[PDB]
Amino acid sequence: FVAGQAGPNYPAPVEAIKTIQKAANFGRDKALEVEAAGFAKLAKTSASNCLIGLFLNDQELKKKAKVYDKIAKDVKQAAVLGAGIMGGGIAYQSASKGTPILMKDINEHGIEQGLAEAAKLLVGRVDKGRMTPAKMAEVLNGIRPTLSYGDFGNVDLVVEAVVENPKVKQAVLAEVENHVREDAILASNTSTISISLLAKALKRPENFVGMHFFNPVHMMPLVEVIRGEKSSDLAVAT
Amino acid sequence: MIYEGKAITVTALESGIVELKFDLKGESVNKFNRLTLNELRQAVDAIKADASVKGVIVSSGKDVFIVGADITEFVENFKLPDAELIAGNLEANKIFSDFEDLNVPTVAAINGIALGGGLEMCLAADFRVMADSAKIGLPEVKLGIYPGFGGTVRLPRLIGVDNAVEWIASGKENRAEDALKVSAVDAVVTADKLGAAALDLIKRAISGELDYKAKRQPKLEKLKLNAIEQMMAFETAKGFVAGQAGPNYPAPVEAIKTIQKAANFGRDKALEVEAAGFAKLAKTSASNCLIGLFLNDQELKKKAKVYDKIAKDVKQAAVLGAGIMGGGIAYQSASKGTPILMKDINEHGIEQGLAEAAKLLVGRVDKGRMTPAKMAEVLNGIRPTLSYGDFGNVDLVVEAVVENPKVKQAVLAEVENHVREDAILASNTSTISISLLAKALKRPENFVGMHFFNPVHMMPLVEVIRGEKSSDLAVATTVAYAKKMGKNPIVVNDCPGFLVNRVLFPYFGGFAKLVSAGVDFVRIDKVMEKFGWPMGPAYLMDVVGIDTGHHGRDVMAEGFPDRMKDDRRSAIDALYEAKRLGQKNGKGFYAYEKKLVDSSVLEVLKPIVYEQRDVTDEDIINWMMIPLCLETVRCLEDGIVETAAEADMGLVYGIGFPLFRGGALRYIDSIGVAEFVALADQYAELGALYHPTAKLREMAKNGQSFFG
Ligand SMILES: NC(=O)c1ccc[n+]([C@@H]2O[C@H](COP(=O)([O-])OP(=O)(O)OC[C@H]3O[C@@H](n4cnc5c(N)ncnc54)[C@H](O)[C@@H]3O)[C@@H](O)[C@H]2O)c1
Ligand SMILES: NC(=O)c1ccc[n+]([C@@H]2O[C@H](COP(=O)([O-])OP(=O)(O)OC[C@H]3O[C@@H](n4cnc5c(N)ncnc54)[C@H](O)[C@@H]3O)[C@@H](O)[C@H]2O)c1
C-alpha cells in the first residue's frame with residue numbers, strides 16, 4: 001500500500017513497517033534493538049537530510065515572515081476585480097478563511113460565473129459530510145457581489161483579475177485608486193505582464209505590488225508577492 | 001375506422017391491437033365533459049363487438065393526458081337532486097367498468113398530466129406506462145369531494161390502503177418516480193419511447209407473458225388487508241387527517257370512511273359507497289364554497305393576463321431595508337429567481353437582514369428539504385449594499401423604511417435620482433397614504449404600493465396600492481413581480497387601511513365592544529376559532545401586537561370618522577396603558593413565556609367593562625362578522641377592489657378567512673343577501689358598523705347576490 005502511494009524514493013515509510021514486522025514476535029527490549037538499528041540506517045539516507053533541509057528552510061521562512069508581521073496590516077475587508085476562474089477563486093479563499101471580499105465586474109454575467117463556481121465548492125463538501133451548512137452561509141455572506149465601486153470605501157487590499165492586457169489593467173487600476181483610500185494597497189494577479197509597467201499608471205505606486213495566485217486558486221499553495229521598483233516594504237508585507 | 005368522435009378516435013393497429021386516443025379537437029386539453037363520456041360509451045360498445053380486437057392502447061393527442069372536467073359543469077351538476085346525481089355517476093362508472101371487464105388486455109400510455117378523472121380512466125385499464133415528464137393525481141379534495149369515477153375504489157386496491165388515502169386526502173400531484181414506487185404505474189420511459197413501450201407491453205400480455213387477468217383481479221375483489229389490520233389502517237388514517245385538516249373539511253375524512261366500508265366488498269358495492277358519499281359532499285356548505293374560490297381564481301387569472309401585457313419583468317429587484325420586512329422581501333425575491341439588493345444606512349441593519357434570511361434556508365437544509373447547492377444560489381441573488389452605486393439597473397425598488405411620511409419622502413426622492421426613469425418605485429407602508437408619499441417624487445407615475453405581510457415568507461397576499469398619480473404600467477409591473485414571487489397580488493386604491501386593515505379593525509371593533517360588554521375574551525376567540533378562524537381575535541391582537549393594533553386604530557379613525565371613530569376606552573387601550581404590548585412583550589390577553597391564560601389581566605380590563613349584558617355564541621359570531629362583511633361591501637361599492645372575487649380572495653390570503661366559507665361577501669350569499677340585512681338590523685344598535693348600505697339593501701330586494 002505504502003510503496004504504491006509513496007514511491008521507492010522514500011525509505012522511511014516502508015522501513016517503519018519492516019521494523020514492526022520483525023519485532024512482531026519479540027518483547028520490548030528486542031523490539032527497541034530493531035527500532036534503533038533502522039533509525040541509524042535512515043539517518044544516513046539522502047532523502048533524510050533533504051527532507052530535514054526542507055524543514056530547515058521552513059524555519060528561516062517563518063523567521064522572515066515574523067519580520068513582515070511587524071508592519072503588516074490585517075485586511076479586514078478585501079476586494080477582487082473579477083470572477084469566473086481566478087476572480088471567483090480569490091473571492092472564495094478570502095471568504096473561506098474569514099475575510100469579507102468584494103467581487104467587482106463590468107457585467108452581470110461575470111458575477112454569475114464567479115458565485116457559480118464559488119458555490120459548487122462549498123456545496124461540493126456539504127453534500128459529502130465535511131462542512132456544516134451554517135458555515136457555508138457565513139462564507140457565502142462574506143462574498144459581496146457588485147457592479148460599482150460604491151462599496152470599496154473601506155477595502156484594505158484589492159486584487160486585479162482582469163484579462164492580460166497592460167493597456168486595460170492601467171485604466172482599471174487607475175480608476176480604482178480614485179475610489180479606494182490612499183493607504184489602501186492595490187495588487188495585480190497577472191502572470192505574463194510586468195508590474196513595474198502596470199505601476200506607472202497609478203499616482204501612488206508605493207501601495208502597489210503583485211499577488212500571483214495559481215489555478216485552481218483553492219488548490220495551489222504558492223502565492224508569489226511580486227515587488228515593483230516603486231513598491232514599498234509595507235505594501236509587500238501587507 | 002372503428003370509431004371517430006370529436007374528442008375520441010379509435011384507430012386500428014397491428015396484430016389486431018387497436019388504439020383509443022383522446023383528442024378533443026378545437027380545445028387545448030382533454031376532459032370528461034358530457035360529450036366525452038358519451039363518445040367513450042360508444043367507443044367501448046364498439047370494441048365490445050369488434051372481434052378482430054386483440055388489445056387496447058389508450059393514448060392522448062394533446063399535450064396533457066386527461067384533466068378534470070370544466071369547473072363550470074361541476075356547479076351545474078351539484079345542484080341537481082341527490083337521486084339524479086347518483087344516477088349520473090352510477091351510469092358513468094359503468095362505462096369505465098365495461099372497459100375494465102373488457103375481455104382483452106388494456107394499457108394506458110400516460111404521456112402527460114393525468115388529473116382527476118384522467119387518472120381514474122387509467123386505473124380502469126390493466127397496465128399503465130407513464131412518461132417521466134408527466135404527473136398524475138386526484139385533486140378532488142381541493143373542491144370538497146373525492147374521486148367519483150371509481151377512484152376511491154380502484155386506487156386503494158391497486159397501490160394499497162395507506163398510499164391511497166394519502167393520494168386522495170392530499171390531492172397532490174405525483175412525479176413519475178414516486179408514481180412507479182407505489183405501483184400506480186407499471187413502467188416509466190422517455191417521452192419519445194413511450195409509444196413502443198405500450199405496444200411492446202400489449203404483445204407481452206396477449207401471448208400470456210404478463211397475466212393481465214391476474215393483474216386486473218385485485219381491483220375487482222376485497223382488500224387484501226386483515227380485519228385487525230383494517231381497524232388500524234383506517235382509524236389511524238382518520239385520526240391523522242382529522243388532526244391536520246380540521247372538522248371543517250368533510251371530504252378528507254369521508255374518503256377514508258368510504259374505503260373503510262367497501263373494505264370487504266367487490267367493485268360493484270364499492271362503487272355504490274363511492275357515489276353515495278360523493279352526493280353527500282357535493283351538497284355541503286363548504287364544497288361549493290371551495291369551488292367558489294376556484295372560480296375567483298380563474299377570474300384573477302384572466303385579469304392577470306391583462307397586467308401581463310404591460311408589465312416589465314423585474315430581472316433586478318432591490319429593497320431599501322432589512323431585518324424583519326426588508327429581509328423577507330429580499331428572501332422571497334431571491335428564493336424565486338430575482339437578484340434583489342439590500343440597501344441600508346448602517347452595517348448592523350444589513351446584518352439582521354442576512355441573518356434571518358439565512359436561518360430560513362439553513363432551517364430547511366438541516367431537515368432535508370433543500371439542497372445546499374440551491375441555498376447558495378439564493379444567497380448569491382441577495383446583494384447587500386450601503387450605497388446606491390448598484391441601483392443602476394434595478395427594475396423595481398421596495399421601500400421598507402420605518403413608518404414616517406417625512407422620512408419616506410426624503411428616501412424615495414433620493415432613490416429616484418439614482419434609479420432609471422422607467423424604473424418603478426414602491427412603498428411597503430401599512431398605515432400611510434401613497435398619494436401623500438408620491439408628491440415628493442418628480443415622476444409619481446412610476447410609483448405605486450407593494451404591501452407585504454409579516455412574515456413575508458409565510459403570508460400569500462400582496463396588495464398592489466394605486467395612487468392618484470399611479471399609472472397602469474406601474475401597477476401591472478408590481479402585480480407581475482408579486483406573482484413571480486409565488487404570491488397573490490390584488491390591486492387596491494389608496495385609502496386608510498387599504499383592504500385588509502380597513503376590514504380588520506371594524507372586525508376588532510366588535511371585539512372591543514364584546515369585552516366592554518363583559519364578555520370573556522377567552523370564550524370569544526374559542527367560538528371564533530371554532531367558527532373557522534386560525535387564531536381568535538384576542539390571541540390575534542397578541543400576534544400583531546397591542547402597540548400595533550393601537551396605532552392602526554387611530555389611522556382608521558382619522559380615515560373614516562363617519563363610522564370608525566371612538567371616544568370611549570376599549571380593552572385595546574387598557575393594555576397599551578399597562579405596558580402590555582403583545583407576544584413580543586410577552587404580555588397581552590395571554591402570557592407568553594406557549595399560550596397561557598393569566599388572571600393578572602382581569603385587574604387591567606376592569607376599566608373597560610361597562611354593562612354586563614348576556615350573550616350566546618350565535619351573537620358573538622354576528623358581533624364580529626357583521627362589521628367585517630359590511631366593511632368588505634363598502635370596499636367594493638366605494639370603488640376599491642375592482643371585483644367581488646378579488647375582494648374575498650383578498651381576505652382569504654391576508655386575514656386568513658375560513659376557506660370552507662368562501663369569503664366575507666360569499667358568506668353574505670350563504671346566509672342570503674336579504675336575510676343578512678335583517679341580521680344587521682337586529683344588532684344595528686351597535687353603531688354605523690352594523691348598518692347596511694343603500695346598495696346592499698337594494699340588491700337584497702331584487703334577490704341579487706354577490707356571486708349570482
Ligand atoms: N489560465 C489560467 O487559468 C490562469 C493561470 C494563472 C494566472 N491567471 C491570471 O488570471 C487573470 C485572468 O483571470 P481569469 O482567468 O478569470 O480570466 P477570465 O477570462 O476567465 O475572466 C475575466 C473576468 O474579469 C472580468 N473583467 C474584465 N475586465 C474587467 C474590468 N475592467 N472591471 C471588472 N471586471 C472585469 C470579466 O467580466 C470576467 O468576469 C490574469 O491576470 C491571468 O494572468 C490565469
Ligand atoms: N408589524 C409588522 O411586522 C408589519 C406588518 C406589516 C407591514 N409592516 C411594514 O414594515 C415596515 C417596517 O419595516 P421593519 O419591520 O423592517 O422596521 P425595522 O425597525 O425592524 O427595521 C428598519 C430597517 O430599515 C433600515 N432603514 C431605515 N431607513 C433607511 C433608509 N433610508 N434606507 C435604507 N434602509 C433604511 C434600518 O437601518 C433598519 O435595518 C413599515 O412600512 C411597516 O408598515 C410591518
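So, how was this worked out
Residues numbered from 1 in each chain as written, not as in the entry; some residues may be left out. Chains lettered and ligands numbered in written order. Part of a larger assembly, values for the part shown. Heavy atoms only, no water. Helix = DSSP H or I, 4+ residues; strand = E, 2+ residues; numbered from the N terminus. Buried < 20%, exposed > 50% of the residue type's maximum accessible area, 1.4 Å probe, protein only. Arc of directions from axis to C-beta. Contact = heavy atoms within 4.5 Å. Polar contact = N/O pair within 3.5 Å; in protein donor to acceptor, adjacent residues only side chain to side chain. Domains from an automatic or database assignment. Buried area = accessible area lost by both parts, 1.4 Å probe. Salt bridge = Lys/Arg side-chain N within 4 Å of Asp/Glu carboxyl O.

- As documented in the archive entry, the model was determined using X-ray crystallography at 3.4 Å resolution.

**So, unusual backbone geometry**
Here's step 1: With an omega dihedral of 0°, the bond running from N215 of chain A to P216 of chain A counts as a cis peptide bond.
Here's step 2: As for its placement among the helices and strands, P216 of chain A is situated in the loop between β6 (208-212) and β7 (224-226).
Here's step 3: A cis geometry characterises the amide bond from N454 of chain B onward to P455 of chain B, with omega recorded as 0°.
Here's step 4: By secondary structure assignment, the location of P455 of chain B is in the loop between β15 (447-451) and β16 (461-466).
Here's step 5: Its identity is not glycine, yet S15 of chain B carries a phi of approximately 45°, on the positive side.
Here's step 6: Tracing the backbone shows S15 of chain B in the loop between β2 (8-12) and β3 (17-22).
Here's step 7: Look at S15 of chain B and you get partly exposed, because its relative accessible area is 47%.
Here's step 8: Look at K579 of chain B: it is not a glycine, yet its phi comes out positive at around 60°.
Here's step 9: In this structure, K579 of chain B sits in the loop between α25 (571-576) and α26 (602-605).
Here's step 10: The class of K579 of chain B is exposed, set by a relative accessible area of 54%.

**A word on helix α8 (residues 166-176) of chain A**
All names here are of chain A.
Here's step 1: Every buried residue of α8 is accounted for by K169, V172, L173 and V176. Buried residues of α8, seen end-on, are gathered within an arc of 95° and therefore sit on one face of the element. Projecting away from the buried face of α8 at angles above 90 degrees are the exposed residues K167 and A171.
Here's step 2: In this structure, the buried residues of α8 make contact with β1 (78-81), β4 (157-160), β5 (185-188), α9 (195-198) and β6.
Here's step 3: Residue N165 occupies the N-cap position of α8, its side-chain oxygen lying 3.1 Å from the main-chain nitrogen of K167.

**Thoughts on the domain arrangement of chain B**
Residues and elements named next belong to chain B.
Here's step 1: Here chain B is described as being made up of domain 1 (1-313), domain 2 (314-497) and domain 3 (498-702).
Here's step 2: Of the residues lining the interface, 21 residues belong to domain 2; the matching set on domain 3 comes to 18 residues.
Here's step 3: Buried surface at the junction of domain 2 and domain 3, both sides included, amounts to about 1600 Å², of which 68% is carbon and sulfur.
Here's step 4: Sorting the residues of domain 2 by area buried against domain 3 places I490, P496 and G497 first, and these three jointly supply 31% of that buried surface.
Here's step 5: Put simply, domain 2 and domain 3 have 0 salt bridges between them.

**As for the side chain of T693 of chain B**
Residue and element names in this part refer to chain B.
Here's step 1: You can see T693 is positioned in the loop between α30 (673-682) and α31 (694-701).
Here's step 2: For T693, a relative accessible area of 16% puts it in the buried group.
Here's step 3: Side chain to side chain, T693 and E637 meet in a polar contact 2.7 Å long.
Here's step 4: Beyond its immediate chain neighbours, meaning those up to four positions away, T693 contacts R634 and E637.

**What about the interface of chain A and chain B?**
Here's step 1: Counting residues at the interface gives 21 residues for chain A, matched by 23 residues for chain B.
Here's step 2: Summed over both sides, the interface between chain A and chain B buries roughly 1800 Å², with carbon and sulfur atoms accounting for 55% of that surface.
Here's step 3: The closest approach of N and O atoms between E347 of chain B and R144 of chain A, which form a salt bridge, is 2.9 Å.
Here's step 4: Put simply, chain A and chain B have 7 residue pairs in polar contact between them.
Here's step 5: Of all the secondary-structure elements, those providing two or more residues to the side of chain A that touches chain B are α6 (108-126), α7 (133-142) and β3 (144-146) of chain A.

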